[PDB]
Each structure stands twice: as structure tokens, then as C-alpha cells.
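Residue numbers (PDB author numbering), protein chains in the order written: chain B, 17 to 99; chain F, 81 to 365; chain E, 83 to 365; chain A, 2 to 894, 934 to 942, 963 to 1004; chain C, 38 to 126; chain D, 10 to 179.
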Amino acid sequence: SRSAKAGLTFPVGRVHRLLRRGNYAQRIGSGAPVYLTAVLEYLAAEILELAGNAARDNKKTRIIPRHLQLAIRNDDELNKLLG
Amino acid sequence: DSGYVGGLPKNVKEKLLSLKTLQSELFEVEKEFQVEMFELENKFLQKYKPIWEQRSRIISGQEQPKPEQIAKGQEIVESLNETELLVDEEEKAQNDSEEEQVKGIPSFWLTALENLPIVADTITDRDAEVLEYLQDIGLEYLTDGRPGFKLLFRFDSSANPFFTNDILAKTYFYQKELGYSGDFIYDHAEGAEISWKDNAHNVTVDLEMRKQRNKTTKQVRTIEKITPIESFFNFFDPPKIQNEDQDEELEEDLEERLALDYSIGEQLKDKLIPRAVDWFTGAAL
Amino acid sequence: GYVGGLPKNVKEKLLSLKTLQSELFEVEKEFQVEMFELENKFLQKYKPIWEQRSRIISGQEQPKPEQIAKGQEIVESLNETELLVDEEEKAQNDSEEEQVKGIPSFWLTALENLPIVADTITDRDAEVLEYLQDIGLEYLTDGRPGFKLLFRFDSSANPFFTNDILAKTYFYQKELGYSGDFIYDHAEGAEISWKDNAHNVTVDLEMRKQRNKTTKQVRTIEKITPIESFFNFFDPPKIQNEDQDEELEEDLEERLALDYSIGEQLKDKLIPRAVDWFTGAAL
Amino acid sequence: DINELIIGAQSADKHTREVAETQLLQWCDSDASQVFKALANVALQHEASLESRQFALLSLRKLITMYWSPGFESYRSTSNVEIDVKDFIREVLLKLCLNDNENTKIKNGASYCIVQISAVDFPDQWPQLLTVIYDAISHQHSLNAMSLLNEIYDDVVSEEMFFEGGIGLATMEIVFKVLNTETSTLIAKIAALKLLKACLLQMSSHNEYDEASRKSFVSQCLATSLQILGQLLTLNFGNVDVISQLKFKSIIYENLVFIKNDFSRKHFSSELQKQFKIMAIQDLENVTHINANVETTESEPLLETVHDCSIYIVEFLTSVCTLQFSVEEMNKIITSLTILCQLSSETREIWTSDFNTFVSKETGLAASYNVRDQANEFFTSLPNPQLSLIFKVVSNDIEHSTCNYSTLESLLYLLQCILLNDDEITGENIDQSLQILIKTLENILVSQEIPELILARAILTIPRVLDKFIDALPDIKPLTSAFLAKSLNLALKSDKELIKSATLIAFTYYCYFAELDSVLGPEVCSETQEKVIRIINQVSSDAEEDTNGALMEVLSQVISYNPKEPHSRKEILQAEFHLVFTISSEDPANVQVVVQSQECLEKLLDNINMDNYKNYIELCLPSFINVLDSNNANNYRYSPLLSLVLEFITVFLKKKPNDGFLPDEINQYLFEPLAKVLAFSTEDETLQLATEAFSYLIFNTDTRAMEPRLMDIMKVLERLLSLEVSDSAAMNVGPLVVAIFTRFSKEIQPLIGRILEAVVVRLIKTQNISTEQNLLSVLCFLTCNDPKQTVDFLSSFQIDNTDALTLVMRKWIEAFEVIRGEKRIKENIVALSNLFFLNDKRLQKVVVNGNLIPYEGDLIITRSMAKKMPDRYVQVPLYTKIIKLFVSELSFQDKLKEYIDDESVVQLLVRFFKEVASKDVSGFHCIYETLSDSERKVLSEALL
Amino acid sequence: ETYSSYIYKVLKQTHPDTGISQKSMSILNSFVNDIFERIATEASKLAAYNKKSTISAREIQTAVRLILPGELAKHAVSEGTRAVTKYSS
Amino acid sequence: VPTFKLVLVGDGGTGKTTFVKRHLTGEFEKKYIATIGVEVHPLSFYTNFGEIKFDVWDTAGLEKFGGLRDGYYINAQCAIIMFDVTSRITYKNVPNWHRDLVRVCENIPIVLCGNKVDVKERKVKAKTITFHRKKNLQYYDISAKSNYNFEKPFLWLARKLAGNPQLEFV
Ligand SMILES: Nc1nc2c(ncn2[C@@H]2O[C@H](COP(=O)(O)OP(=O)(O)OP(=O)(O)O)[C@@H](O)[C@H]2O)c(=O)[nH]1
Ligand SMILES: [Mg+2]
């Protein structure tokens, strides 16, 4: 798949379709979605990492939304990005 | 166990031969069963056709809901969970003149296809451009001629700028004999040659054109290049076999392409159209 | 979401679509009725062949030279040259051949070659199933839909239980399961009337003769403890869901999944294809 | 053990308080039941100090949420709280709440806990609660039980459990029974009426379409409540406990207005409206006569309570004001109101002592709301047939009271409230009454005996009389002129600031209902302006609160009447500017004064002409420079008047640049203080305003006059790029550097290194994106000017003793991946062309690390993960990366050279590649070898 | 919207021991889509400013740099470039 | 010297901590750090008639940090309810804060302060400000940056507590 070719897990196709639905430009570069897919998979990686960190801060393996919130607390730049 | 099989007495061996014969007779009975199921499925397709036709008219906006059907839809909404359809006070203040500015369902079949798991992954944005003009998807069972089912995609020539064909169709064929499990087994498929308005509007190839005062051949010549590309409309024109190339190259071709083609066709015919409304809204997932 | 947010033309059209969908559902119910009629009709044709092969396997009926030969062409075309007769086998006398009437452990071998059900068979189960004479299938017509399975044992010579025929029933839910098929609902089966606990292969036996240390009475004890076996196919999970069975319902759901997989395997492969699975060619 | 915890947790000292709180939470986590029971015991014992008992109940209310039941959103686990202890606490809390022996603080704490427990338990898990409450109310008329039930209604009862649950019918039955019992004490009836208010509040969220089970219940309850209230209003209680009688009347009328407003017209019939109207008028009259008993001073709250009750009675009369009123009941209403709307001796003394409070109340900005406001609401609301009759009544009563100095002020206020109603007062004899009214008002003006406040009210109410009746008065113009002149003369002669401010506000009303210039004539209008500015001068010396805002509004009105230029008078413009400046700078933080000075100042500069621009310059500019110097002494700390000053400095500079350059007077005045502001200041808003002003000044001042201060604009550029200012301030540089390049196009070249050093040092330090392109656009712009001079600085300039090219080329071309915008991007292409065509060996070979070489593995490298697998890059030379970026945007928009030889980004950059191929083949081929095939093609096909 | 399985994969790759609730995936996905939409809107702003009107790698790097804080943005850009390079190879 | 406990109370984020900090040191504070628990800051004012002293209990306005919050109101003699003119939710929170103050200490004098008036973007105005007119508690519009009405709440409270309407600060 294109995601595997890009070295990404998250869907390049869904990113491209979400980009399409906004009609953000008259023609689309194949680099735009792949790049963005990687950016958002990076945000997922960072958020998740802090989320697991918080979960273990809660002495456990299972994350729930409170623990995502404390993950956002643990990293101020996500705090200002997500509010 | 070959040792055991050799160990079986002769008498048990003709017994097993007769049992194999009984299995074969059951195979012919399965063939008749499949014939009867195909005939009755075609009959029920004929039974189905008007309701698909009516919902297609609704999808295209050619027909307007009548308040009995509106009320029946409302009471179905009250069942399970479809409260999205309950009309609010704000919309009742609207007028048909404002609402009918957009006629039909925008990108109904596009979203219905792109909600289908296996098929959606093949639809590029260039393909999706044509699917915007898709307004109907019909099924036809090849009762006449070789057995199979044919998929129909409909368009408006006066609307779409890509091709002059109002209807694009894809065909699947089965072999004359049933499979080992008793289900139908497939034969090579065929697809229609789309009458593209121009090669620029073609979606299944990439072109390059260039002019050279070619010093090598003393030719002031123009060169055009055409290269097939991956696209959903490659679903049509399926591969065919040439014996010498079939043995080496097209063996892997039939191993890969035919499986995906048949799976996509089966998914469409079974999952999609009977629940096209639910696939459109995603409730069929 | 935004489809709802669109003006009321969109809601009314999709309400009409839902009305038409209910109409599709009614027509599809009638389609299911017509099909179930059709599989019942062709199951009436299926049954004679299964009974004939079962009688052949049990030895109550003998083949015919035409059947033998036409099986010969069939085998030659299949390339399964293992079944071919050899002159050494032909040398066997009629007395040697007639020492066994039926095929020894035919159904046992077929189930052993069967992928999952083979795992359930134990040594005592293998011994017992030699007394199995037929596997039959039936459709449930009255009331709620379902299908039934049946097994036949020669209870006269069977030293394990007196049950001449054991039947297993499978069930579907009342309305149309989504995607146009039926989804499972709970199954029921019979109880095996074991001749004794020693021959009860669903139970391991302990024999104790004791003089009670407290009351100083004299007693002889026969003790029972259930064990897994191919006949755990019978005594299926009790009910789909009930207030008192939840703790049981966990294992009931697990065993329901396993038992429906087993029954679907039976219905699709073994009853329609028994000879190849016995010979292992179906592998 | 619990005792020292509750003592320590009360301590002001942070350490003891924090440690006690933490020990308490730890102990409650270990065994919740022990701590809960200990707290309940402390709350129960009378031996403990009441502070300890309050602390126990409040802390227990907190601890319940986290350790009582998982139905709470909070639920701190390990909550061992058995049904045993929960029942003990449920018992103890009722025993505290319902005991009359307990202090109201303990009752309130206990009810506060019962309300929390009810949140998760009320209708299903604690059924004894309502049984005990209803028993106490119904059989003992317990006030505590009614208060507790009222709190329950406030905080935990809900619509579904009110209507479909049992709560509503049971409560309404209990309430009606308590009100119907003659033996029930009056205070119990008051409590039951409050509880009735709560029930009505629940019932109000209803609709005509709803369930009949709700609808019929609502209808029947409203009918019974109206019957009971009508019956209650007939009771009388004599002299005993008049305060409670007033509170009883007050709550009855509050319920009646609630029923009148919040429910359908069918639930409160018109005939019942008439009956309650009669009873309301009679209750108003009665409440007035207790106000004569007020003179006994039997209890101080008596006057307060009389006014509070009358507020609700007048509010009910407002709600039913569409009903017809007979003449005698209008007389009763008017008499009662003249007694009620009378100013107290306290308010009279306050207004006489400090006119600022009078001004604040009169202008409508005072916070207080009282019976005079409700009378304003009543008269403002009357329809025409009622209003025309009430006006005759009040005007007639003014005539007969002219001899009294007690009721005349109230009567004038009542007339004022009548005249603010929007309808037209028309009738058979309003001509005659109106003539008498204007005559008596004129006599109030003439008389010397009149006390201050009657005179002030008359001054304020004549504008209203003229405005309302402007069509009925046949000679409105001379009347208006004479009244205005007389009022102004009195204000000038008077030594009371109160009458002066009253006259100023009345002037505002004349400016409201008439164009003064047309009605007075130009000379009289000019003399009026002179008088008004004189009075403002006299009043302004003692303005406080909203008086500055009011003075600024009246000054705005004065300014709007200034004559046109061919007859404009210099000194009145000077006076207007002096007043706006002085009033504003006297209260610089008052935002309303600042904004109104904004409108006033823009009006003054609206008559601006190039024919009189010098005069305005010389008039304004010294004062603004004084402001700048006075803020300089205060270190330019935020003062929003300084903000407005700077804004109008900018716009003043933008008004008349019709000459190619603004007059050098503006430069001479502004440049030194304005640079003194860009230097020696440290705040975002002040520097933002000062830099836009200074940039606009540079944008239109003469280069020849500005050359002497060119080093100063250098200091501005450097200190604005210096890290003394925030990056927020730094981003503003764009306009100013563009301006200097416009106005020093040729003179800037010798100093560009001083430009370059500041721009680069901020560049490498900043991580703010939008900042660095702005600096990089400049650095692009420098090389578009001359890349040779730019680089000589770049090569010579250093940070951390390393050549700036090693710093700039990498960071600039790294950011060239995010530089965006066609012109800006064109500036880059021109910049790179200037570089590439300079072609010194540095440009040919400096490594700009242009190519990524990703770290291995498809896992996504987090910031933390980058600490052990950082991404890696390839040190390609400058030309390699830049051309890749070039051809890339060409994509988004020597054998080749042989075939090439046979205004917009694409046109702009293609010649560069043509020019490159025309001037450096070897580099072009060298770069070609580093170029990718897809880029090679695009480069080829674009050139072709 | 659903990125559930890919969220699982990223979680294991970053924390093999860790579990995650469906509601947590929904919230994370909401964050993902909101950040996608803001980045894409800024990219469209760029594509509108310049007649080029084509969105590729560049405008996205710009939008990520403008929107994300510096330390998030640097490695987000790093991963974007990594994926683009891996795709292009 | 008469000293009074003043509990400064009000929604989180609204300006309580910087207001006290400026009265204490005179310098504004741009950034937001949520207070946890309470800080007690002893203020002082020099007046005519002598001296006024306050201990200001600056409470955490965030419920996640309002640990044992009502227990701080026990011996309060006066209070300030602070809301923010630019965020209407903080104003709608006002009646609840007032009720919580009353429940613990019934009849102390209360003053209501609308902070951050020094921005053009104010979302609630004096017209909507009506909770005072009913409960009869003083109301002022203040700001901590520009020091508009900077000392009036304390002046009004000191006049009310000392019972001396001629009191004024110097
Ligand atoms: N412009 C302006 N900002 C102000 C003003 N008063 C406070 N601020 C800002 O608002 C914030 C003050 O909130 P804090 O005092 O920290 O918060 P709080 O209201 O005590 O609430 P918690 O800390 O949550 O208990 C700071 O960021 C100040 O810069 C003002 O009058 N004007
Ligand atoms: Mg704070």
C-alpha cells in the first residue's frame, strides 16, 4: 500500500480524501498527503507516548481519556496546541 | 496414510470407488441446485428492479417523497436509531425553491463506493472525478449466453466531460463446471472500451508530447507517449492470456489480478447495492 | 451527519429511502422463505445419496460392478491413483474379504482428517465412534428457523450407550440478520443414556469400597467426573442468555462459537464430502 | 486525632495547613468510614467550637463527592463506606438540620451536605428524607423543613421527577394546606410562599403541546394558587410585626408577577387581573401610611422594607398596566408614588455633599436600583389612553404643590418619567395644562427661594417638556432659546457644582431634541459654546467617577457645533483642544474617557485643511510631546491615553500629506521624542504604536530634512532587532525597513552591514517562524540591492566567532523550504540570482546540508525518540539545494543548452536558468550531476 | 472517523505494554482531524496567496511550522520529509 | 491595628492572583499560573484616622485545585468576588460564588469586581451587570494592568468595616 511505501501506518488515502473534501487546491501534490500523514502520525506518536507515560503514572497499562488529558498536561506545547 | 490405503482390502476398494461415484452424483445434484438458485435469483432481481429504480429516481431528484413514504420513513427512524432524519423546525421554514437549487443527492454513489472497504482503495481522485457523474449502479445476470453477472455504471454524456458513454458496464463469467466446494468458480472477465472524449480526459494513462529537430535521424518530428497508470477504471479491460507469455508472465498476473477483480465484483454485487442506502450513510459497515 | 444538516429535502428523500429499504427487507424475507423451500427440496434429493453411502459404509449394502468401474474412471481422472486395485489385492480370497462387513473406522478416519473436529476425538472416542452408522442432517420447518444434525449408532452391539439415534439441533434468530444472512442463536441436544460409568467416555470412573471412619458403616461407591470428548458435541450450551447462567454464559458463548464452527464444518464439508475426507484427498 | 487535623487545616501558615490537609486525605483514603464517622461526631458535639463544627460539615460535604458513591463523576477509589456508616451520617445530618436549637451556620452546613447526598440518592436511595420533611411541614409547620425542601428544589429536583415523579403534587398539596390554615403563623406562610415560588419555577418550563399529565397539573395548580393568593391579600394583621406583613405582601406580589409573566394568558384571567389590580392599588396606598409610621423610627429597616415591598407592588402594576385605570385610582397611584418617590434625607444629603454621585445616578450609570427606577418603568410602560390621563393628573398636582418644597421635587420626577414614554401625549385640555406647566417651570427658574434639588430637577425636566410637546408648542424656538440661556446663566452665576452639572446634562438634552445652530443663530450659538466651555472648566476641577465621561460627552456635543472655516473662531478651538486634552489626561486609564476623547479629537481634526494645517500642528503637537515626556518619566508603562495619543499621531501625520513631504515642523516636533520612545521602552503595545507612527513619519518626511537623523533610524532598526524587544515587537520591522529602503535607497548602502548584523543576530537566535522569513526577506532584499556588499558583511560578520555565511546560508536555505508567497518567493529567486551570479568559491562549495538521509526504521521518531535516533542530512553545496527547490516550484507551477540556443515566478526563474547556462556551464553541469531525473526533466522542459 | 488499528500499531511501537480505550482513540482521532484541518486551511491560504494554487510538500511544511510549536514542528517536519523521501525512493 | 480576613474568591483565570500581587509589589504579571489551594498575603493601607490591614486569602478558582475550599471562608469578615468582563461564563458563575460565601458567613460585606476592563473586547457590560441591584453589594469595574479603580474595592470595604464613611487612603 501507499502507506507502507511511505513508511507510515496511518492511512495516506484517508488523508488524501480529507484533503479532497476541503478543496484546498485545484490540483494536489502526491507529496502533500504522504508528508501530512507522517506529520499526523508523528502527533499520534507523541500524544500516545505521553499517554502511556501518564498511564504508567497511573501505575497501569490501560489508557483512558483522563490519562490522555494528563498526557497533554505533561507536555506544554501539546497543552497550547490542543487546549 | 499410504500404508493404510494399501492395507485396505480390494473389496473395500471397490466400495470406496462406488462412494466416489456417489460423491460425483452429488456433484451433479449440486449443479442442478445452483441452476435453480440462479434462476430464482434472477426472478428476485426482476422483483427488485422497481425499488432500486425508485430509490435511484429519489437519488437523482427526479422524484419527490410523498408524505405517506415520509411518515413510513419517520416511523422506521423511530425504530433503532436514525434520528438524523427527523426534520427539525428550522428546515420546515425553508422553501422548495431554495432547496431544489441542488437536485438529487450530491456524490451519493461516490461516497457509497468509497465507504466499501475493498473497492474504495482502488478509487483515485482522478477516478473519483468521473464517479461524481455516476447516478445509477445496476445489476444484470447473464442468463443468456455464458453464465455470469454484469455490473452497470451510468452517466450523462451532456454532463460529463470525460467520455461519450452514458453507461459503462463490467462483466464477470464463471466456468461451465462448479467448484469443489459446490460454489461457482470463475472464468476470465471482460470490460468495455470506454469512449473517452479525449486522451487528455483519459484517466487510465499518462501522456507526454514533444517536438524535436532530431539530429540523429534528420527528422523534424513530433513524438507522443502513452503510459498506463493505476486507476479504478482499470477495473475494466481486465487482463487476457497469450500462451507463451501466459506460462511465464501472466501466471502471476492471473494469481494476483483475477483474485482482486473477483473479490471486488463479489463485494459490490452482494454487500453494496442491496444496502446502498446504508453504505451511503455507513450504517451497512 | 452533515447529510442531516442539509435542508429538509435531504431528510425527506432519505426517509423515502428508508421506507424503500423496509420494503426491500420484506421482499428479502420472502426471498429467504423461497430459498429455504429450495434447499429443503434439494435436501430431499441429498438424503438418498447420504443414506446409500452410509449403508455401504456400514456394510448393509454392497456395490455394483457398474458403480465400481465408473468410480474407476472417476479416480483415474482425479489422479488419486492410491485407490487403484492391484493384482496382489485381487489374490485375497472371499473369506478374507468378508471378515469385515463395513469399512473399518471410515467415519473415524474422515473425522480425523477433518481439521478441527479431529482435535476433540480421544482414544475412547475413537473406539466408540466405530459404532457410528450414519450422520444425517435436517432442516427445521415449524416455527422458528434452524437446522438439525443426526447420528446413528448400532446400539445393539454398542457397549457404551443404548441411544439408537442422537440428534443435535441448531437455531437462528427470528428476523433477518444483517447482510442478508441469519445469525446464530442457542442450540439444544439430547442426553446420552450410558450403559455404565465405566463405558461412559464422557466421564472418568473411580471405584471405591470403604468402611466409613466416622459412622463405621459399610458402603460401595460409584463415582462420576465428566471429561471432554467428541460427545461434548452433545449437551450443548444451554441458552443464549439468561440471568442465572451468566457465569456459565461465558463458557456457553465460547463453546457456542466452537460448536457452530464444528457444525458448519460438518454441514458444508463432511456430510456433502465424506469419501475424500476419509481418504484424506480433501486435505 | 481528627481534632488537631481540623485545627491545623484552618491555619493561615502554608506548611501546617498543607500538611494537615494531606494527612486528612491520606487517612480518608486508608479508611473512609473511620474519617466520615469522626467528622460526623465532631459536627454533632456541642462541646466543640462552632468553627470546628462548620469545618467538619464543610469538609464532610467535600469528602462525600469523592468517597460516597461511584455515581459521582469524581470517585476516589478504596472507598470503604459501608451502608452502616452511610445511614449513620444520613441520620446525623437530619438531626442537625431540623433541630431548632442549632445555629443557622450548622443548619446551613447540614443542609449543604444533605443536598450533596441527595444528588446521587434523592428519589430512589434515601426515601426517608421526604417522609421526614413532609411530616415536619404538614404536622408542625417547621420552618427548617421548608427551608431544606426549598434548597432541595433549588439544587436537586428536576423536571422529570417533578412532574412524573411524586415530588410536585405532594409539595403543592403541602403548601396549599399550610397557606389555608388560619392557625399557621405568618412567618410560616411566608416560608410556604417561598416554597410556592420554587414550585412555580419548576412548573414554568412547560409548553402547550406537552403531555396532558403535565398540562392539567399545571393548570389546576395555577388556578388554586391564584385563588389562595387572592384570599390571602384580604387578610389584615394590625400593628403587630409590620415588617413581616411587608415581607408577606412582597412575596405575594413577587409570585403574582411571576405568574403574570411566565405563563400563558389563559392561566391568569383578565377578570382576575382587574381584581388583583384593585388590591394592588389599595396595598400601595396602605404601604404608604406605614411610611408615616416610619417617622416613629420603631425599627430602622422599616423604610427599607417599605420601599422593597413597594417595588414589587409597582412591578405588578407595571405588568397589568394595559388595564384601564379610573380617575380616582390614578389619583391614588399618583399620591402614593409622590410619597414613595420622595428622596430620603440621606440621599438628599449625599447629593448635596458630593455632586458626583448625583451625576452618576442621573446619567444612568449608577449601580443602584430602587423604587424611583421602578416608577420610571411603570410610567414608561403605560399606553396612550392611560398616559394622557396620568399626565393631566400629575401636571394638575404640580400646580397645587408649587407652594410646597417637599412634594414638588417628587412631582417633577414623576412628570419626567411620564415624558420619557415614547407615545404622544394628546388630549382635550393638554394645551391649557401645558401652558400652565411651562409657566410654573419658568417661575421655578426665576425664584431665588427654591432649594437646590428642585431647581436641578426643573433644569433637567424643561428639555423633556419641550422635546415631548415640540409639535404642540406654537413658539418652540424662542421658548427653547430663552430656557437654554436662562439655565446657562443660572449655572454660571450659581456656586453649586450640582446645578452646574445638571445644566450641562440638560444642555445635552437640548442638543438631543434640537439643532442648536439653526434655532439660535450663529452668534448666539457661539456665545452658548463659550458659556458651556466655561461651565465645563468650572466643573472639571472636581470631577470623579463618571463625571469625566459625562463632561467628555457634553464637550463632544459642543465641538459638533463649531462654525465652518470662513467664520471659525480660533480661541474656541484652542479651548476645545485644551479641554479634551486636560479632561483625558486627568483620567488616563478610564476607557470611556479615552474613547470619547477619541471621537472628540477626530472631530477637531476633521476640519483639517492644507490651508490651515500649520495652525493645528502648532496647537496640538507641544501637548502630545508633553504626554510623551511625562510617560518617559514613568518608563512608558501601559497607559491607554498614551496609546490613543500615538494612534492620532499616526493619523494626524496621514491627514494632509498632499505635499510630497510633510512640513518639516512635524519632523522637528516628533522625531526626537518618538525615537526617544522607540528607544528606552520595553512593552509590546507602546513600541507597536510608536513604530507604526515612526514608520509613517519616515514614509512621508523629506529625505533631505531626514538625512541628519539617519544614524538615528539606524539605531531604531538595530534596537528593534536587538533582543531587548520581544519577538512580537521584532516582527513589526517589515514596514520600517521597507520605508527606509524607499527613503534611503542610495544612502543605506554604506550602513547595510549595520543592518545585516542586527538582522542576522536575531535570525539565528529566533525560533519564531513568522519572524525569521521577515528577516530573511530583508536579507534576500539586501542581495537584490547588491550581493557583493551584503556578503562582504556576511563573510566578515560573526556570531560565536564564526563567519555569518556559515550561519546564514544554511538557516536561510533551510527556511527556504517554508518561505512562501509569490512576491517574497520572487525576492528569493532574485536574491539567489544575485548570489549565483556573484559566484564566489564560497557559494560554489559551502555545505548547506540540503539533503535528508532518514534514520533507519519505519517507526516514527518522537522528540524523545530523537534523543537516540535523530534524523540525518547530507551536506550538499549551496547551488544543489537551491536549484532543487527552484525546479520543485517549477514542478508545482549542455546538450540541452545547445537546443536552447537552437514578471512572474516561472518567467522570472527561467531566465535565471538560461542566464546560468549562459554564464556557468561547468557548475550547471556539475549541479546537473547532483540533480534528480525528474528535476532534470522539469528543468529541461521549462527551459525548452 | 477511525484510526483505531493504526493507533494500536503506533502504541505498540512506542509502548508495547500499554492499553488504550475506544473513547481515547476517538479523542485522539478528533485531535488528529482538527490539526489536519487547521494545517490544510493554512495550506489553502498559501495556495490562494500565490496563483500556483497547487498543494504539495511545501505548503504543508509551512503550515506545520507556523502552527505547531517549535520542538513539535521540527520533528513533525522531520517525519514528513522522511515519509516523502521513503515514498519517492 | 485592626486587621481583617478578606477571602478573594472568583472563577479561575480571571485575575485574582495578579491583582493581589500588584497591590503587594506594584508590578503587573502577564503570564497565567493557576493558584493551587490558597495563598495568604498580608496587605496594608495607610489612611486618615490611622491604619487598615488585610489578610487576603487568594483562593484557587479551578475546581480541580479547590481542595477544601469552603473551609477557607470560616472566619472571613469581607470578601471580593472577581469575574472577568471579557468572558461571560465567569459572570454567570457569580451567583454561585456569592451563595457559597453566604452559606459559610451570612452577612459580611461583599464587593463585586469586573476585572480586565482595559480591553476593547469586553463581552459583558454594566447593563447585564444586575446581580448587585438585588443582593445590594457594591460593584466596580477594575483592571490590574492599567490600575483603573485599583484601590476602590479595598477603600469601600475598609469604610464599611471601620464604620467611618470619611475614611480615605493616603
Ligand atoms: N489585560 C489585562 N490582563 C489582566 C488583568 N488582570 C489580570 N490579567 C491577566 O489575567 C491573568 C490573571 O489570572 P490569575 O490571577 O493568574 O488567575 P486567578 O483569577 O487567580 O485564577 P486561578 O489562578 O485559576 O485561581 C494573567 O495572565 C494576567 O496577565 C487586567 O486588568 N488586564
Ligand atoms: Mg491565577
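By construction, the Cβ of each residue, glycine as well, lies at the ideal position given by its N, Cα and C atoms.
Can you grab the Cα-Cα spacing for the pair residue i / residue j, in whole Å?
{"i": "A:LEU94", "j": "A:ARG77", "result": "23 Å"}
{"i": "A:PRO479", "j": "A:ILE439", "result": "13 Å"}
{"i": "F:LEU96", "j": "E:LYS256", "result": "42 Å"}
{"i": "A:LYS747", "j": "A:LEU860", "result": "55 Å"}
{"i": "A:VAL157", "j": "A:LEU59", "result": "18 Å"}
{"i": "E:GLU220", "j": "A:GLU160", "result": "58 Å"}
{"i": "F:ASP286", "j": "A:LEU776", "result": "43 Å"}
{"i": "C:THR122", "j": "F:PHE312", "result": "26 Å"}
Within the continuous beta strand (DSSP E) that includes residue i, where are the two ends?
{"i": "E:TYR252", "result": "247 to 254"}
{"i": "D:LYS14", "result": "12 to 19"}
{"i": "D:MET91", "result": "87 to 93"}
{"i": "F:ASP216", "result": "216 to 221"}
DSSP puts residue i in a beta bridge; with which residues?
{"i": "F:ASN294", "result": "F:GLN299"}
{"i": "D:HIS50", "result": "D:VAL65"}
{"i": "E:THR307", "result": "E:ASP286"}
{"i": "A:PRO878", "result": "A:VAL848"}
{"i": "A:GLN799", "result": "A:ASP804"}
{"i": "E:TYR266", "result": "E:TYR254"}
{"i": "A:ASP787", "result": "Per DSSP, none; premise fails for A:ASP787."}
Residue i and residue j: beta carbons closer than 7 Å?
{"i": "A:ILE153", "j": "A:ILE191", "result": "no"}
{"i": "A:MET611", "j": "A:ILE584", "result": "no"}
{"i": "E:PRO227", "j": "F:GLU179", "result": "no"}
{"i": "A:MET162", "j": "A:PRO124", "result": "yes"}
{"i": "F:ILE353", "j": "F:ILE198", "result": "no"}
{"i": "D:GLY19", "j": "D:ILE90", "result": "yes"}
For the alpha helix (DSSP H) that residue i lies in, which residues bound it at each end?
{"i": "A:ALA694", "result": "685 to 701"}
{"i": "B:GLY68", "result": "47 to 73"}
{"i": "A:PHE582", "result": "571 to 587"}
{"i": "F:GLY228", "result": "F:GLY228 -> not in any alpha helix (DSSP H); beta strand (DSSP E) instead, spanning 228 to 234."}
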